[PDB]
Every structure is written in structure tokens, then in C-alpha cells.
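Have a look at the structure below, then the notes.
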Amino acid sequence: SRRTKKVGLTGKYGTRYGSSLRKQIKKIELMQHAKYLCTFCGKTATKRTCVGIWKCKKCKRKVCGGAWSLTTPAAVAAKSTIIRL
Amino acid sequence: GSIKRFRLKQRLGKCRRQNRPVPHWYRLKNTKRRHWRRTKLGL
Amino acid sequence: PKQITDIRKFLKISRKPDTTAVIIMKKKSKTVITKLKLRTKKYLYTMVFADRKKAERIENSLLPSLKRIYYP
Amino acid sequence: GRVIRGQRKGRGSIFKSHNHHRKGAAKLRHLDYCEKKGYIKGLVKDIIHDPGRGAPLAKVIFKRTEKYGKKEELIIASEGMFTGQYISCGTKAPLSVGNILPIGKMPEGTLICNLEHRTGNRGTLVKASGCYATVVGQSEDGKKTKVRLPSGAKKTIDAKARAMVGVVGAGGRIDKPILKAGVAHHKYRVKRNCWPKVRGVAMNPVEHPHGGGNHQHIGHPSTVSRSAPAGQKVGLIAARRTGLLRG
Amino acid sequence: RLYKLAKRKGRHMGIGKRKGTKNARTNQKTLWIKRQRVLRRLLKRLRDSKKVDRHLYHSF
Amino acid sequence: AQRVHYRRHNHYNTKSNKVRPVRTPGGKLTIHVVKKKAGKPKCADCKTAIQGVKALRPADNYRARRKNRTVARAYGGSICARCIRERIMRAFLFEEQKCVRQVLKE
RNA sequence: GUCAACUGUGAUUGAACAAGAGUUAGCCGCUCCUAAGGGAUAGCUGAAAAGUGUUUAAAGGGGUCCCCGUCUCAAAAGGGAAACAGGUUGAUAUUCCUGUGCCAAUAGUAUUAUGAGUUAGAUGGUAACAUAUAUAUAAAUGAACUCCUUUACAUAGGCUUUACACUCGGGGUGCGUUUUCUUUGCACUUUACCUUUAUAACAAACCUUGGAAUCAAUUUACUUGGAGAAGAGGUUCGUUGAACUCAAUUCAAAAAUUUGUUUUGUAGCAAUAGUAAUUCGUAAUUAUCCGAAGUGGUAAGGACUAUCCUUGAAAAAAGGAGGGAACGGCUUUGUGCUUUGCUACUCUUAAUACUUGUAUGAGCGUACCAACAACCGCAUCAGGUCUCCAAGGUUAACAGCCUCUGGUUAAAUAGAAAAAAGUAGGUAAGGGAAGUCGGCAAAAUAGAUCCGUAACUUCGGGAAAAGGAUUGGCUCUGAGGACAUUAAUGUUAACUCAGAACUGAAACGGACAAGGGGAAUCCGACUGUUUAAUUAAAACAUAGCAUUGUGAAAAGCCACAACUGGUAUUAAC
């Protein structure tokens, strides 16, 4: 936080790799390391344990999700569509 | 090396037995020998 | 090796037919204390007898068939 | 001269796939009488990662229809699948995400994954992460169904052939750029013997025909016919148009 | 032992004798850990003896 | 001090070849190969190590008595006690729910 | 024993020559299991040779005729039951010897003892869970058919516990210094497996109660909580392995069985064995052997936390659960099956006797070297050659320097003389790159602490920029703990920091290690890689950008003579 001006969480990368790539990495990593709200117990502890899998620690349960975030806009729309029909 | 095989051990013991010098009495009625440092068994 | 607290059980183990020998030794001041270790094939069973009166009573009580071993 | 790398790859050798991390073949449930006439509901008991596949596998328990006790399958995990999710498979199964249904029983414009080119071939198509096919039409007298491949291509398959409702897990994986050469190494370590991927033009012309030239010339067309010999097929085979794509 | 007697008197130590970093001489994390454990120990004793309330304890 | 060595070879500290140095009654500092420590047997659903069951290696678990191995309560070491209860509730209530459906239907 | 030749000098030496001796295993390895792999059967091709390997099969196991099934070799560091302590030889010892154990099997029948159950399958605990202490924790019904689990696993960072090691201080022993001074220096003060070791202790996990926003409990780190936290009281696992009342005894109290006090005891193993001693000669005795603590170096475990577009072998073998097939003994009709009449019997460990092939422990390895001469290098070759063990002082330090244990003073030679010249080194007035291909070589810089730090910049860096200052020895002062007496007073510790005097040839990172820098241009972005013995770069890789083809067994792309493979445990992310 109160260390770097603009590179923030990609400051560990900072001395290496193109700035635009570090910008692209920053957006993805912000999503990646976020702790999501669990549908199966109501706490914001849901973390990614491997690429497609987001596990709640508290209720010990594996939700399949996107690579860098819990759900794609595509899957939500598909789910919604199926309920709609 | 340090651990051994029964066939190898037997043959090596044979080669050692063969190595030792001729009976002196035989000359009264020695062409080949090996030395371990300069001649290995070639096995 | 196994410590046996119960003297009566120790006597019972002595009376058992597998048991063969009595290793008994007196220990000096740090007063005489006596350690008796009793030899069954399965284990060597140990009782520490505090005083002479205990020690004489056990030595007499033990069967005469048992082989008595003294280090001196 | 000396055999080119792509031709050398088919001799088998050290170019066989790196299957050690991989958890078994990812083929769906086989067709049976119970699937054909009715439906079976199963429970997703665990979700597991395979690195050869782009997305997780799902361990699904069914109970042996012909016998007794519990039997374990390996399905490709749909996005929004969860441990303890109930998965239904068969002709009379209800329409819902991750269910395994004949394509004939999908309403049009639905999004599906794990298609098979023939019934009971066990999900041979549409297997990669984040991917999906769309149902684009249903035959008037039935029997055939029209679907749209994730390439955007349209194809007509029999209605009887199965597919799996929804989109494959681990979507957006390609969106992150590759950070570094070690990350690329870790990717190829679980894939195939295929890397570093050296330029052909750099080499001797003897050992790659794009090679030679004192200042690294190509010296000949890079657009090759599909009628060409295998050792001549180094360049861009059957290239209809070249240059930057535009329009 | 004469040197250790000098070290006990604090006299063996000297500024230019040092060649290790300030951290290598005495570890900052370790010093922090000492202070935290003593402060938390102190707070718990004050709570146990009930000379402060839970609110004051937690804030401190 | 002094130097030491293994009496079984395999001096590299592998998964199985671990060692505890020890001083003898002869005053000799020697090395003894220490028995292989393990992880713990797990509840079926939750993958959680179970109360009342000892974590003994499978040789020691073969030599161990049945009281050491398992618990009289319900499905023993298979699944944990809280977990069993909830599953029993679910199995009973769903049969009740099924019975309500049967009553409703006719 | 030894000296013909060899031991690039000498040689009485020897890793040379001659004569013998010597390696001892139910428990250590191999041996066993599966893997990456390899070889085949089944097939099918190919003149054959071969190329392939469940793939168009009438095939190893379990069950009262039925149900299952490709085989086989492949790890001396993966998996894998089970042994240690002391002694001993001219040479081996986990293996010989003495002591103590541990493991697997261990047939039939009859006896016996051990606990069960009967007049066909124990119990407690609300619960988490617990319960057989028989010489011996043995024995706590259960078939088919099922389901789990152990085997069985990444990396990084801290935190923590134990052990060995290391240090100080005290008592005890002997030796050493001892003009002078030293209540001094050194040495020794030992303790294993095994006893599901018994307990104690603690990080965790779980349970009963409990019912929380004024959030609390709480770690270095954040963690946890009405999907029940704090609190209170338990229970379990794992560490550990005699801790602690642990056991005995004693007297006092509880009480028809439990606590307090005394006396004992290295908990058994265990002192008889080890060590330092002490006397007495054919080889024997005697005396000794223990009180506090600190450092945090090794190693292991633990609880954790974080990272991966990478999530980190398997089987043999072993274990747990589901299920509910089966079921007293005697007498008797009818057909091993059924109904009547009667009531010490049915289990279960261990021991014994008697019979049945001879009813216990397979086979192989175990010397020595591991290079300072034993291996590879054509050779006692300054070369190469895997792994573990890791003392003291200085210090950040497994660095460098010196030291103790242990080792050595041999290196294909010595002596005498000492100039050139050589080679490995030093050193040099005054100037300071005028040198040459080029400051090459060499020198200067250099450690810490305190200051101060620019252009420029993808804002991360630049950077230890640049550029300064300080640093010895002594005598003081301050800061930083732990325990217990009601805020003060006591008992008591490790070392590190900061400040001040004095002191000296201002010398002091003293030896020791130890950036030369700046201003620029140019190329390659980068970490990476390369021409084994004239080549490390500006070449190559690399992320990034873009392109082509391909929707699938009649596809793409590649292999094979053929049949057939590979990409492919694949599927347009």
C-alpha cells in the first residue's frame, strides 16, 4: 500500500518485464488473490487453490470457477438463460 | 564392488589359485602370471 | 526386563515352572538395600527390597530349586 | 541432408507425451440402456486438477445398475460445478447446467460443452477451458441437430448424440500473459517435448531448409502447397492469404 | 575466560570491532519478538489480576 | 565432540533413512536409525484425522491390538462423530420427506 | 619370512617376491514389491530375419459345479518386519562372546491351566470417548458381497518444541604451572535399545456445558465465531521417553477406599558395565562416579502462512467400516438332513503329551582401498572420481587465519655453494599514461556504523550512486529480563545496543577479508544458453507481436517394408 506510487502489488515484479505487461498482470493478480464470498457458508474466505478451483476454507468445499475470478460473465448468462427458458 | 556376486567371487578365487607359482619338483623330472596393479582380469 | 511391584505376584512368578534363577544383590550407602531380579525365559523380573528383613524373608520364601546368583 | 525436427518428432522416442501428472483419460459416461430410456442422477464427490487438460476433472459417483455398490467416473468439470453437486444424465433427464443430455433435447441457442461426434463416443469434442458450443438448430423431422463449434464453425450431428450443459471450467486462462521463460518451462514440463522452439532460418540449410544465407536469407517462398513432401512442408501449408489479417 | 570476564564487564565490545551488520550483530525480528511477548505477557497479567477491562485490554 | 556414522549404510537423509545421534553407556556418541514417522488416517467425507485412533505405522498397526485401532461408537474410524449425526439426520428426514410425497400424490 | 629383478635416489623399506592365516547374520543389506522401463503369450504382418504388443483369446485367483483374471522380468539411495549394549582377535564384528530382547510362522489329536458366554455373540461413559494388566493387554460372534484408509509424497518464509553439541559456575578425583603471582590450568565426574515403556508436560484437534457488538479471544505473521466464540470443565492425537508422587514405606487425615508428612530408590535395563584412580605380581582386590544454569550451532518434528496458466508416482502389504450367511451338547424315529425326551456345556490364549516324512529360522554379500599409490588416465601420474560425519578461538561466517581430537613430516633424490639468467614474489626518489593495440599488468577502492546521494527513469529503479565522517585500549553512565512479598519492597540472568570521560607516535575494518569511479556512445531488453581442447558474443533461447492449416477414426501434422504407430490420458482458451 503506502510504499509505491503506481506499481502497487506488481512491485515484486517491478525491476523486470514490460510496464504494459505489468499493468496487465496487475489487473489479473488483483482478481486472482481476492477472497470471494462463499455461497455455501456466507463468509469472504473463498480462495483459489488451483487454477479452476476455488475452495472455501470454512466449509471446506470446492467450487469450479474461472482462471482468475470466481465466475465468467458467460457462465452467469448461461445459468440465467437456462432458468429463463 | 564392496558387495559381490557368487559367480564373480568364485571366478576371482579361481584366478587367484591359478596365479600362485609352479611346484619346484616339476622342474626336476612357469610361463604365465598376473600382477594386480598392472594387469586387471578384464572382466 | 520388567519391574514387578507386587511381592505376592513376584512369588507367584517364582512358583511358575518356566522360571529358573534368582539374581540377588546387596547395594551400599549413598544402610543396605537389596535388588532381586528373577529369571523367566520371557523376561527378567525385578523387585527392589528395601531392607534386610524383607531380603531374608524373600530369600527363604523362594523355592530351593531356583538357582541363586550372588555377585561376590 | 539431416532430418528436420518435425519429421524427427514422429519417430516417437522422447517426443511421446508427458502423462505422469495426468489423472486418466477424460472420456464421459458410456451410453447404456438406463441412459437411453430414462435417466440416472449422480453426485460430484470431488474436483481435481489435471495439467494436460486445460480444466479440472470431476469425480462423480453412480451406483452399479447391473450389480451392487458405488462406481466412480471422471467427467470434465463445468464452470459453476461444485462438490456435492448432483449431476443428471440421460434421455429423460431435466435441463440444467452440467447435465448430460442428447443434443436433440436442447432448446435452440443453448450453451453446451463436451460434445461427441457420434453417440457414446464419450465427449470427444469441446473439451478445452472456458469453451462452449451453441445449438443453432434442430431438424424439422428430427434425427439431426445443428450445433456451432468453439471455432465458430457449424456442423450437423445426430440428435441422439450427447453433450453437457454449460461452459467448461478455468475460463480466461489465456488472458494472463506468460510471465517468464521458467513459467514456459513449467508448462512444457507437463505437456510435451517441444521447446525451446528455435528458428529454422537461423540453422544450416542442410538441417532446416529455411536456413543458410550469409545474412540469414529465406531466399524462397514461405508459402507451401499441401501437395508438398513432408520435408518440404516446413513453411505455411495451403496458405490462402498471407500478410496481416484485415477486415 | 579473561575476554569473557571483559565481555561481562561490557568492555570487550567496541564499535570498530564490529564487521557484521546491525541486524547480524543483533536480530531486529528477535528484538521485536521479545518486546511483543513481554508486552502481551504484561497485558494478560493485568487482565488476570482484573486491573483493566476487556475493552482497555483489547485496545492496548 | 566426535564424528559418527550409520551402521546400515544409506547416509543421505531420505524419507526412510532418518537418524538420531545418541551417547552410550560406553560414553561413545553413536547414531541410531529412527523409525519412520507418518501422516494420519482420515475421515471419509471430511478427510479429518479421527479422535481415539492411534497413528501407528502399518507394521505397528498390525502388531497393535484392536482397542488401539478403532472406536466402538458408530462407524468407528471411518467417519467422525459429528459428521455421522448430520448424515443420519439427512437420511431420516429425506425418508420422512419421501413419505410426505407418497401421502400427497394419491 | 624376505631382497635375483622391481619399489624412475638410496632401501635393511614396500601396496615387489615366498609361506601361510583370515571375512561367521531369523533381526544389516541384497533377496520381496511395484515404477520409469524391458522381454514375451494372445494376435497380426513380413520369404524368413524381424516389426509390433489385448488389438477379432474356448487362458491365474476366490467360492457348494459357481464367481472373478494378459503374463513376465525391471530400484543394493522409492516402498519394504524384525537387535541393541558391553566385551574380544594378528587381522571380522549389528554377524564371534556375554548379557538383554525383538519378529514371523508355530499341523493334527488329546489333555491341561487363562479369561468369556450358557442354564445364539461382553461392558462403562450425557458425550468426545473409554474399558480384559491373564507369568503374557491374550480373547470384546460374524460368511458372501460392498466402501473407505494407511502405504504415499512440491516449494518458499518465519515461529516453536526436543535431542546431541557447545559454555559458565559449585563440590569431588588425579596430573600440570608454581623464582614471583595464581583458592590456578588440564583431564574425568558415564547411561543405550527394550518395558503397546507408565506417568508428567505442551502445540494442536474434538466434546459437554456456556451464549457473545461496546466485538471479543488472539499470532512474529492472521486467524476464529450464532453454520456457536470467549469462558468453565473434559476427551483425543502427536511429540516426547523416568519429566512428575513415580513406586514402595511411614505417620496423620479421607473412609468401608483417598490425600498430606517421614523414610528409601540413578524406574526396570544399571553397574557387575564404562572413566579417572588405588593397592597387592599368580593375575587379583579395594575406593570413586554429581548439584545448578546458560549459548542456539546441528537435526528432526510440530502448528502455520504464502506461491504455480506447474498442485507435486505406484503397487505389494496392512488396517478400519457396511452387510447380516451360519450356529448349544447327550438320547431317538424318518431321510450329512429333520421332529420328540434330558441338561455340566460352547468359546478363547498359552503350555503339555501323543501321532503324522526328519514339525524353526532359506540362499548370497560381509577383506582392503575408495585414492594422501590400490579405481579411470598405457605408470606408486600436482588430473578425474559419487555420498554422509563436522570440535575451539577470531567473525556475519561451514570464509580466511591460528588451536584441540585424530593424522602427518611421504611426495621420482640429497648435499655444497651462490653469479648470470630464469620463474614465483617484494620494494622503490621526483613526475604521473608522456606507455601500448587497448591502463594490459600492477596499484588505488574495499568491513561496519553515521550522514549525504544527481542526471535520468518503463517510477520499480538509478544506489552501496557521487561524496563525506567515524572505528584501539581502559574506567564510568543509560536502555533492553525472570521469579514473590500489597503501589512500594525483595530474590535473581543472558548478552547486545547507546552515550561520556581518560589514555596513546590520531594508531585503530591495524593482520584478516575487502566495489575503483564518473561522463558518454553502440549493440543485445532482461534471468537463461552455446562452438568438450585456439570462440560466451553483438549469435541462440526467451516473453511479446503476427501468420498458416486442421472439427477428427474417410481430420490435421509426423513415423513404419508391411500390418501398424506417434501427436493422443489430445480436441480450437
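Lettering and numbering for the C-alpha cells are positional, with chains as A, B, ... in the shown order, residues counted from 1 in each chain, and ligands counted from 1 in the shown order.
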
As a tab-separated table (two decimals) with N, CA, C and O atoms, in the first residue's frame, list the residues of chain B assigned to alpha helix (DSSP H) by DSSP on the backbone atoms of this structure.
```tsv
chain	number	residue	atom	x	y	z
B	6	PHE	N	28.13	-64.27	-6.40
B	6	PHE	CA	28.69	-65.58	-6.14
B	6	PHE	C	29.52	-66.12	-7.30
B	6	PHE	O	30.62	-66.65	-7.12
B	7	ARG	N	29.05	-65.94	-8.56
B	7	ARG	CA	29.80	-66.36	-9.74
B	7	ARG	C	31.11	-65.60	-9.89
B	7	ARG	O	32.17	-66.18	-10.10
B	8	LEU	N	31.06	-64.26	-9.73
B	8	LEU	CA	32.23	-63.42	-9.82
B	8	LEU	C	33.26	-63.76	-8.76
B	8	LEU	O	34.44	-63.96	-9.04
B	9	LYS	N	32.80	-63.91	-7.51
B	9	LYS	CA	33.65	-64.25	-6.40
B	9	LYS	C	34.37	-65.58	-6.59
B	9	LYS	O	35.58	-65.69	-6.39
B	10	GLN	N	33.64	-66.60	-7.07
B	10	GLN	CA	34.24	-67.88	-7.39
B	10	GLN	C	35.30	-67.79	-8.48
B	10	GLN	O	36.41	-68.28	-8.31
B	11	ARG	N	35.00	-67.14	-9.61
B	11	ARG	CA	35.98	-66.97	-10.67
B	11	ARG	C	37.22	-66.22	-10.24
B	11	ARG	O	38.35	-66.61	-10.54
B	12	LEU	N	37.06	-65.14	-9.45
B	12	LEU	CA	38.17	-64.40	-8.90
B	12	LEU	C	39.03	-65.27	-8.00
B	12	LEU	O	40.25	-65.29	-8.12
B	13	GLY	N	38.40	-66.08	-7.12
B	13	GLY	CA	39.14	-67.05	-6.32
B	13	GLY	C	39.89	-68.10	-7.10
B	13	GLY	O	41.02	-68.45	-6.78
B	14	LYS	N	39.29	-68.61	-8.19
B	14	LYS	CA	39.98	-69.41	-9.18
B	14	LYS	C	41.21	-68.77	-9.79
B	14	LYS	O	42.30	-69.35	-9.83
B	15	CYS	N	41.07	-67.51	-10.24
B	15	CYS	CA	42.15	-66.76	-10.85
B	15	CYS	C	43.30	-66.56	-9.90
B	15	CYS	O	44.47	-66.75	-10.25
B	16	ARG	N	43.00	-66.23	-8.63
B	16	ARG	CA	43.96	-66.22	-7.56
B	16	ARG	C	44.66	-67.56	-7.33
B	16	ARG	O	45.89	-67.61	-7.21
B	17	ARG	N	43.91	-68.69	-7.32
B	17	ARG	CA	44.51	-70.01	-7.17
B	17	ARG	C	45.45	-70.37	-8.32
B	17	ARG	O	46.58	-70.83	-8.10
B	18	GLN	N	45.03	-70.10	-9.57
B	18	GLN	CA	45.87	-70.27	-10.73
B	18	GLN	C	47.15	-69.44	-10.73
B	18	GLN	O	48.23	-69.90	-11.10
B	19	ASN	N	47.07	-68.16	-10.31
B	19	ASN	CA	48.18	-67.24	-10.17
B	19	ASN	C	49.46	-67.73	-9.47
B	19	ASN	O	50.57	-67.46	-9.93
```

* Give me the residues within 12 Å of residue F:72 as a list in words, counting only C-alpha atoms (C1' of nucleotides) and dropping any in the same chain fewer than 6 places off. =>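 Result of the neighbour search: residues 51, 52, 53, 66, 78 and 81 of chain F; 123, 124, 129, 130, 131, 140, 320 and 321 of chain G.
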
* To do: Mind checking which residues fall within 6 Å of stretch 26-38 of chain F, counting only C-alpha atoms (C1' of nucleotides), ignoring those fewer than 3 positions away in the same chain, and posting them as number ranges by chain?
  => F: 4, 16, 18-23; G: 190, 274

Quick one: everything within 9 Å of stretch 28-32 of chain C, counting only C-alpha atoms (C1' of nucleotides), minus sequence neighbours fewer than 6 positions away in the same chain. Send it as a compact mmCIF listing (two decimals) with C-alpha atoms, in the first residue's frame.
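Saved to result.txt:
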```
# COMPACT_ATOMS: atom_id res chain seq x y z
CA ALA C 50 14.34 -52.04 50.91
CA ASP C 51 15.86 -53.79 53.97
CA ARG C 52 17.41 -56.98 55.42
```

* Asked: Contacts of residue A:20 at 10 Å or less, counting only C-alpha atoms (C1' of nucleotides), minus same-chain residues fewer than 5 places along, as an NGL selection string?
  -> (:A and (25-26)) or (:G and (458))

Just-selected residues, C-alpha atoms (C1' of nucleotides) written as a PDB file, in the first residue's frame:
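The resulting again09.pdb:
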```pdb
ATOM      1  CA  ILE A  25      -0.575  -8.608 -14.678  1.00  0.00           C
ATOM      2  CA  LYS A  26      -1.752  -6.097 -12.002  1.00  0.00           C
TER       3      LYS A  26
ATOM      4  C1'   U G 458       9.099   1.675 -18.209  1.00  0.00           C
TER       5        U G 458
END
```

* Using atom CA of residue D:109 and atom CA of residue A:68 as the two end points, give the distance in Å to one decimal. => 27.1 Å

* Identify, on the basis of only C-alpha atoms (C1' of nucleotides), every residue whose closest approach to residue D:141 does not exceed 12 Å; exclude the query and any residue fewer than 5 positions from it along the same chain; express the result as number ranges by chain. => D: 104, 158-159

How would the residues just picked look written out with N, CA, C and O atoms as a PDB file, in the first residue's frame?
```pdb
ATOM      1  N   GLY D 104     -30.481 -33.362 -29.350  1.00  0.00           N
ATOM      2  CA  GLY D 104     -31.875 -33.259 -29.758  1.00  0.00           C
ATOM      3  C   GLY D 104     -32.828 -32.705 -28.729  1.00  0.00           C
ATOM      4  O   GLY D 104     -33.901 -32.205 -29.063  1.00  0.00           O
ATOM      5  N   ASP D 158     -26.179 -36.268 -35.438  1.00  0.00           N
ATOM      6  CA  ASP D 158     -27.413 -36.871 -34.979  1.00  0.00           C
ATOM      7  C   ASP D 158     -27.872 -36.328 -33.624  1.00  0.00           C
ATOM      8  O   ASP D 158     -27.088 -36.050 -32.719  1.00  0.00           O
ATOM      9  N   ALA D 159     -29.194 -36.214 -33.461  1.00  0.00           N
ATOM     10  CA  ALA D 159     -29.889 -35.739 -32.290  1.00  0.00           C
ATOM     11  C   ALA D 159     -29.627 -36.570 -31.040  1.00  0.00           C
ATOM     12  O   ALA D 159     -29.560 -36.062 -29.920  1.00  0.00           O
TER      13      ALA D 159
END
```

* **Who sits within 12 Å of stretch 55-62 of chain A, only C-alpha atoms (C1' of nucleotides), same chain under 6 positions skipped, as JSON, numbers by chain** => {"A": [35, 36, 37, 38, 39, 40, 41, 42, 43, 44, 45, 46, 47, 48, 49, 70], "D": [44, 45, 46, 47, 48, 49, 56, 58, 77, 79, 80, 81, 82, 83, 84, 85], "F": [45, 46, 47, 48], "G": [223, 224, 225, 227]}

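Reported to one decimal place, the separation of atom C1' of residue G:142 from atom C1' of residue G:346 is 15.9 Å.
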
* **Counting only C-alpha atoms (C1' of nucleotides), the option among D:14, D:25, D:201, D:100 closest to chain G** =>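 Once distances to chain G are computed over only C-alpha atoms (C1' of nucleotides), the minimum belongs to D:25.
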
* Asked: Hey, can you check how far atom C1' of residue G:234 sits from atom CA of residue F:60?
  ->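 A separation of 29.3 Å between them.
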
* To do: Compile the residues of chain E that lie within 7 Å of chain G, evaluated using only C-alpha atoms (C1' of nucleotides), and express the compilation as a list in words.
  =>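 Matching residues, ligands excluded from the count: residues 15, 16, 18, 19, 20, 21, 24, 26 and 33 of chain E.
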
Output N, CA and C atoms for every residue in that selection, as a PDB file, in the first residue's frame.
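Done, and the output landed in part.pdb:
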```pdb
ATOM      1  N   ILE E  15      33.152  -0.421  18.879  1.00  0.00           N
ATOM      2  CA  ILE E  15      32.438  -0.030  17.681  1.00  0.00           C
ATOM      3  C   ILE E  15      33.092  -0.537  16.403  1.00  0.00           C
ATOM      4  N   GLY E  16      34.417  -0.362  16.265  1.00  0.00           N
ATOM      5  CA  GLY E  16      35.148  -0.723  15.063  1.00  0.00           C
ATOM      6  C   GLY E  16      35.496  -2.178  15.003  1.00  0.00           C
ATOM      7  N   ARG E  18      33.142  -4.484  15.401  1.00  0.00           N
ATOM      8  CA  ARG E  18      32.028  -4.949  14.611  1.00  0.00           C
ATOM      9  C   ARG E  18      32.319  -4.950  13.104  1.00  0.00           C
ATOM     10  N   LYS E  19      31.953  -6.046  12.424  1.00  0.00           N
ATOM     11  CA  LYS E  19      32.128  -6.228  10.998  1.00  0.00           C
ATOM     12  C   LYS E  19      30.809  -6.712  10.397  1.00  0.00           C
ATOM     13  N   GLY E  20      29.982  -7.425  11.183  1.00  0.00           N
ATOM     14  CA  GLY E  20      28.604  -7.717  10.839  1.00  0.00           C
ATOM     15  C   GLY E  20      27.700  -6.509  10.871  1.00  0.00           C
ATOM     16  N   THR E  21      26.625  -6.532  10.056  1.00  0.00           N
ATOM     17  CA  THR E  21      25.531  -5.561  10.107  1.00  0.00           C
ATOM     18  C   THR E  21      24.916  -5.388  11.475  1.00  0.00           C
ATOM     19  N   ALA E  24      22.843  -8.397  11.792  1.00  0.00           N
ATOM     20  CA  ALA E  24      23.666  -9.559  12.019  1.00  0.00           C
ATOM     21  C   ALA E  24      24.270  -9.603  13.425  1.00  0.00           C
ATOM     22  N   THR E  26      22.717  -8.112  16.198  1.00  0.00           N
ATOM     23  CA  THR E  26      21.541  -8.485  16.980  1.00  0.00           C
ATOM     24  C   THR E  26      20.313  -8.374  16.104  1.00  0.00           C
ATOM     25  N   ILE E  33      10.157  -9.586  18.705  1.00  0.00           N
ATOM     26  CA  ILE E  33       9.519 -10.753  19.279  1.00  0.00           C
ATOM     27  C   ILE E  33       9.612 -10.714  20.789  1.00  0.00           C
TER      28      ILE E  33
END
```

* **Proximal residues of chain D relative to chain G (only C-alpha atoms (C1' of nucleotides); 7 Å) as number ranges by chain** => D: 6-7, 9-12, 19, 22-25, 69, 124-131, 150-151, 171-174, 178-181, 186-187, 196, 236-239, 242, 244

* If we count only C-alpha atoms (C1' of nucleotides), which residues of chain C reach to within 7 Å of chain G? Please list them as a list in words. ->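 That gives residues 1, 2, 3, 13, 16, 46, 50 and 71 of chain C for chain C.
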
May I have the selected residues written with N, CA and C atoms, as a tab-separated table (two decimals), in the first residue's frame?
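Writing done, so here's again22.tsv:
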```tsv
chain	number	residue	atom	x	y	z
C	1	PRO	N	13.35	-56.86	30.41
C	1	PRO	CA	13.46	-56.60	31.88
C	1	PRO	C	12.18	-55.95	32.33
C	2	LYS	N	11.60	-56.35	33.47
C	2	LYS	CA	10.33	-55.79	33.89
C	2	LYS	C	10.21	-55.69	35.41
C	3	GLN	N	10.00	-54.47	35.94
C	3	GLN	CA	9.77	-54.26	37.35
C	3	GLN	C	8.43	-54.82	37.81
C	13	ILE	N	5.18	-65.73	40.19
C	13	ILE	CA	6.13	-65.85	39.09
C	13	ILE	C	7.26	-66.81	39.43
C	16	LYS	N	5.89	-70.30	39.16
C	16	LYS	CA	5.70	-70.70	37.78
C	16	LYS	C	6.84	-71.58	37.22
C	46	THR	N	12.05	-57.69	38.10
C	46	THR	CA	12.86	-57.07	39.14
C	46	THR	C	11.99	-56.59	40.27
C	50	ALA	N	13.76	-53.14	50.17
C	50	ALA	CA	14.34	-52.04	50.91
C	50	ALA	C	15.35	-52.40	52.01
C	71	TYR	N	26.76	-61.87	43.19
C	71	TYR	CA	27.98	-61.40	42.54
C	71	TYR	C	29.29	-61.62	43.31
```

Would you write out, as a tab-separated table, a table of all residues in chain B that have an atom no more than 9 Å from an atom of chain G, listing for each the closest atom pair and the distance in Å to one decimal, considering only C-alpha atoms (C1' of nucleotides) and ordering rows by chain and rising residue number?
```
residue	atom	partner	partner_atom	distance
B:2	CA	G:365	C1'	8.5
B:3	CA	G:365	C1'	5.3
B:4	CA	G:365	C1'	5.6
B:5	CA	G:365	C1'	7.3
B:6	CA	G:364	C1'	6.6
B:37	CA	G:374	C1'	7.3
B:38	CA	G:379	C1'	8.6
```

Can you work out which residues from chain A touch chain D at a cut-off of 6 Å (counting only C-alpha atoms) and hand them back as an mmCIF file with C-alpha atoms, in the first residue's frame?
```cif
data_model
loop_
_atom_site.group_PDB
_atom_site.id
_atom_site.type_symbol
_atom_site.label_atom_id
_atom_site.label_comp_id
_atom_site.auth_asym_id
_atom_site.auth_seq_id
_atom_site.Cartn_x
_atom_site.Cartn_y
_atom_site.Cartn_z
ATOM 1 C CA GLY A 52 -10.111 -23.663 -11.939
ATOM 2 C CA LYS A 62 -14.568 -26.822 -3.859
ATOM 3 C CA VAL A 63 -16.405 -24.595 -6.341
ATOM 4 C CA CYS A 64 -15.302 -24.771 -10.002
ATOM 5 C CA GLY A 65 -14.715 -21.283 -11.420
ATOM 6 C CA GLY A 66 -12.755 -19.154 -13.874
ATOM 7 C CA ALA A 67 -8.962 -18.961 -14.034
#
```

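The smallest atom-to-atom distance between residue A:54 and any of A:15, A:1, A:69, A:24, using only C-alpha atoms, is found for A:69.
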